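Let me begin by presenting the structure, written as structure tokens, before commenting on it.
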Amino acid sequence: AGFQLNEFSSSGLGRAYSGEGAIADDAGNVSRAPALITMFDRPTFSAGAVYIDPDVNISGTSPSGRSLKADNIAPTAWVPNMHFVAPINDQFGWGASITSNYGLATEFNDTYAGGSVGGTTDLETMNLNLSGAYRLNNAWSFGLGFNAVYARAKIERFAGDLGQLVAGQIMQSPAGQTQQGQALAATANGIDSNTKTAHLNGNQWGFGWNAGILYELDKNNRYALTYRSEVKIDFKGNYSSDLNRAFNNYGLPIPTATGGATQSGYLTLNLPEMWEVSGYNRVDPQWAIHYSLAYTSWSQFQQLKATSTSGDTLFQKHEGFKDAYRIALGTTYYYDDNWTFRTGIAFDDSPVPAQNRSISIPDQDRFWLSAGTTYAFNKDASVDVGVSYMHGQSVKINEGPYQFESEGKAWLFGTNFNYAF
Ligand SMILES: CCCCCCCCCCCC[N+](C)(C)[O-]
């Protein structure tokens, strides 16, 4: 799922996020579907956090006989969540919440070899939704939400061995047979591994809305169709490139050189839209079943091109992602007043068209398996605890002169606190 994450609740995690938009057993879900609010008698609160601990790795060798082995580049994270749904009147009621739909954090060492294309890339995301719902007849329920999306990103690449490859390349030719090519090559074979090759950094707020639909057969069965729009973040950050201002103009496909001087960069982060369709079926007094099919247009994520005050290009990477689907199915078992339990499986096809593959966004079809429990205290309180094992598919990624190979697994763990009036 590119750099998109759906950890909005701990009860959600427990069921590998299925039926979401059709399950309102906690305020956690109104975030997915605005229409879910029309399902709450009383004011409900809930806030928790998801503990993400990935295990991605890179392996490989550089033409410079160097090691491209990038061990565990994915850092543990904490994605917390806060929700609040509350009735206004029998046909109307609003809600609010703080969630994070997107995120990314891959980091190698400044002395990595494939460091040209792998060094440090982070993305902090925080969606603030304020949705309102309107019931209609005994089955339909429309919902709408507004979103302010704060982001903090900081890209940073360094020169790995390219200077050495760059050098050899020159000398390996006629150029090398000249005090200049010999000089032009000496300059190149000098570049230490940790020479900041590019630094983009800036934070901004983005805006988007999201509508919802709810149609039910009765208090036990329903289906949903939701829509979360695209979000075009226009940053205004800082650009720094320690490469002398001489490497400039030869058109070497190298990120503009400032000379270590911080210039004023511009970037546009495109957060893909999401459509989703899920259903919920309680077939017994204890059993229930939910499933969903999501489609995210990663088509909208084409590149990341930086640009100066006067409009000239500094940094630029082609993503050319494409759309993709997520699929999920799970069950909820209502034991007694107290105990509740969940399980689930899911599968999402990566949007990265194998070829545009990149070691900074080591993505690979992911597989979810989750289990969780809930324990209500008295019809007004209840704590959530969820866990999920995620695994991917080893891919081959040819970038720059280099060729890598990344495999990755991740284990999840959330716990939310519920309260009502
Ligand atoms: C001046 C803005 C500087 C921030 C640059 C934006 C970085 C967004 C990171 C998310 C995309 C991840 N990727 C493809 C670059 O690895």
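If you're wondering about the labels, chains in the structure tokens are A, B, ... by order shown, residues count from 1 in each chain, ligands from 1 in order shown.
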Closest-contact table, range 3-110 of chain A side, partner range 216-222 of chain A, 10 Å, counting only C-alpha atoms, as CSV:
```
residue,atom,partner,partner_atom,distance
A:19,CA,A:222,CA,9.7
A:21,CA,A:222,CA,9.6
A:22,CA,A:222,CA,6.3
A:23,CA,A:222,CA,8.8
A:39,CA,A:219,CA,9.1
```
ask   = Quick one: residues within 8 Å of ligand 1, with only C-alpha atoms and all ligand atoms, as number ranges by chain?
value = A: 3, 103-104, 121-123, 152-155, 199-203, 235-239, 264-269, 303-304, 306, 317, 319, 358, 360-361
Can you write out the residues you just picked, keeping N, CA and C atoms, as a CSV table (one decimal), in the first residue's frame?
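Wrote again_20.csv, looks like this:
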```csv
chain,number,residue,atom,x,y,z
A,3,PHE,N,2.9,4.1,0.8
A,3,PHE,CA,3.2,4.6,2.1
A,3,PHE,C,1.9,5.0,2.9
A,103,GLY,N,2.1,7.7,5.8
A,103,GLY,CA,3.3,7.7,6.6
A,103,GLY,C,4.4,6.9,5.9
A,104,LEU,N,5.7,7.3,6.2
A,104,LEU,CA,6.9,6.6,5.7
A,104,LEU,C,8.1,7.0,6.4
A,121,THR,N,14.4,9.0,4.3
A,121,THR,CA,13.2,9.5,3.8
A,121,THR,C,12.1,9.3,4.8
A,122,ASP,N,11.5,10.4,5.3
A,122,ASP,CA,10.4,10.3,6.2
A,122,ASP,C,9.1,11.1,5.9
A,123,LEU,N,8.0,10.7,6.4
A,123,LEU,CA,6.8,11.3,6.1
A,123,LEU,C,5.9,11.2,7.4
A,152,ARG,N,4.9,16.5,7.7
A,152,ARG,CA,6.3,16.9,8.0
A,152,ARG,C,7.2,15.8,7.3
A,153,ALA,N,7.9,16.3,6.2
A,153,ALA,CA,8.7,15.4,5.4
A,153,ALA,C,10.2,15.9,5.3
A,154,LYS,N,11.1,15.0,5.2
A,154,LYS,CA,12.5,15.4,5.0
A,154,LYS,C,13.3,14.3,4.3
A,155,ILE,N,13.6,14.6,3.0
A,155,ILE,CA,14.3,13.7,2.1
A,155,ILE,C,15.8,14.0,2.2
A,199,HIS,N,18.9,17.4,0.1
A,199,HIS,CA,18.2,17.6,1.3
A,199,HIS,C,16.9,18.4,1.1
A,200,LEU,N,15.8,17.8,1.1
A,200,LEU,CA,14.5,18.5,0.9
A,200,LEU,C,13.9,18.4,2.3
A,201,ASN,N,13.2,19.4,2.8
A,201,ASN,CA,12.6,19.4,4.0
A,201,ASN,C,11.6,20.5,4.2
A,202,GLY,N,10.4,20.2,4.6
A,202,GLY,CA,9.4,21.2,4.8
A,202,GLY,C,8.1,20.6,5.3
A,203,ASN,N,7.2,21.4,5.9
A,203,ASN,CA,6.0,20.9,6.4
A,203,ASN,C,4.8,21.8,6.1
A,235,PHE,N,4.2,22.0,-0.3
A,235,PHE,CA,5.2,22.4,0.7
A,235,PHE,C,5.9,23.6,0.2
A,236,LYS,N,6.7,24.2,1.1
A,236,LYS,CA,7.6,25.3,0.9
A,236,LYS,C,8.7,25.0,1.8
A,237,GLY,N,9.7,24.2,1.4
A,237,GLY,CA,10.8,23.9,2.3
A,237,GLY,C,12.1,24.4,2.0
A,238,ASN,N,13.2,23.7,2.5
A,238,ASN,CA,14.6,24.1,2.3
A,238,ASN,C,15.4,23.0,1.5
A,239,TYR,N,16.2,23.5,0.5
A,239,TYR,CA,17.0,22.6,-0.2
A,239,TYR,C,18.5,22.9,0.0
A,264,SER,N,15.6,27.8,-1.3
A,264,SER,CA,14.2,27.6,-1.0
A,264,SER,C,13.3,26.7,-1.9
A,265,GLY,N,13.2,25.4,-1.5
A,265,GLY,CA,12.5,24.5,-2.3
A,265,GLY,C,11.0,24.3,-2.2
A,266,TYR,N,10.4,23.8,-3.3
A,266,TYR,CA,8.9,23.6,-3.4
A,266,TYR,C,8.6,22.1,-3.8
A,267,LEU,N,7.7,21.5,-3.1
A,267,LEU,CA,7.3,20.1,-3.6
A,267,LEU,C,5.8,19.9,-3.5
A,268,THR,N,5.2,18.9,-4.2
A,268,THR,CA,3.8,18.7,-4.1
A,268,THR,C,3.5,17.2,-3.9
A,269,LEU,N,3.2,16.9,-2.6
A,269,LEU,CA,2.9,15.5,-2.2
A,269,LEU,C,1.5,15.3,-2.5
A,303,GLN,N,5.2,11.5,-9.2
A,303,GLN,CA,6.6,11.9,-8.9
A,303,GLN,C,6.7,12.7,-7.7
A,304,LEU,N,7.9,13.2,-7.5
A,304,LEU,CA,8.3,14.1,-6.4
A,304,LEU,C,9.3,15.0,-7.0
A,306,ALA,N,11.1,18.6,-6.9
A,306,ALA,CA,11.4,19.8,-6.1
A,306,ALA,C,11.6,21.0,-7.2
A,317,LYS,N,12.2,12.6,-8.7
A,317,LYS,CA,12.1,11.2,-8.8
A,317,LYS,C,10.8,10.7,-9.3
A,319,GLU,N,7.9,8.2,-9.8
A,319,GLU,CA,7.3,7.1,-9.0
A,319,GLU,C,6.4,6.4,-10.0
A,358,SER,N,11.9,1.2,-5.8
A,358,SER,CA,12.9,2.1,-5.2
A,358,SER,C,13.2,1.6,-3.7
A,360,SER,N,13.9,3.3,-1.2
A,360,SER,CA,13.5,4.2,-0.2
A,360,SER,C,12.0,4.0,0.2
A,361,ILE,N,11.3,3.4,-0.7
A,361,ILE,CA,9.9,3.1,-0.6
A,361,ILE,C,9.9,1.6,-0.9
```
DSSP alpha helix (DSSP H) residues within range 176-211 of chain A, as a ChimeraX atom specification = /A:179-188
key: All residues 10 Å or closer to residue 191 in chain A, only C-alpha atoms, same chain fewer than 4 positions away omitted, as a PyMOL selection string   = chain A and resi 158-164+186-187+195-196+243
request  = Using DSSP on the backbone, list every residue of range 233-395 of chain A that comes out as strand (DSSP E or B), and give them as a PyMOL selection string.
outcome  = chain A and resi 233-234+237-240+263-266+268-271+274-281+287-296+303-307+313-318+324-333+339-348+366-376+381-391+395
query = Could you name the residues that touch range 131-134 of chain A at 10 Å or less, counting only C-alpha atoms, but leaving out those on the same chain fewer than 3 positions away, as a ChimeraX atom specification?
reply = /A:30-31,33-39,85-97,128,137,140-147,209-213
query = Near range 53-60 of chain A, counting only C-alpha atoms, which residues have an atom at most 9 Å away, once you skip same-chain residues fewer than 3 positions from it, shown as a VMD selection string?
reply = chain A and resid 66 to 78 359 362 390 402 to 413
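Counting from CA of residue 357 in chain A, the distance to CA of residue 320 in chain A is 9.7 Å.
For the set A:392, A:208, A:259, A:253, the residue with the smallest atom-to-atom gap to residue 273 in chain A is A:208, counting only C-alpha atoms.
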message = Can you measure CA of residue 106 in chain A to CA of residue 118 in chain A for me? One decimal in Å is fine.
response = 8.3 Å
